[PDB]
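Asks: Before anything else, here's the structure in question.
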Amino acid sequence: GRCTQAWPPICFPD
């Protein structure tokens, strides 16, 4: 679910 607003494009599985 969690994710990064800025780069790099890092998105978590949650």
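By convention here, the chains of the structure tokens are called A, B, ... in the order presented, each chain's residues are numbered starting at 1, and ligands are numbered starting at 1 in the order presented.
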Identify, on the basis of only C-alpha atoms, every residue whose closest approach to residue 11 in chain A does not exceed 7 Å; exclude the query and any residue fewer than 6 positions from it along the same chain; express the result as a PyMOL selection string.
Replies: chain A and resi 2-4
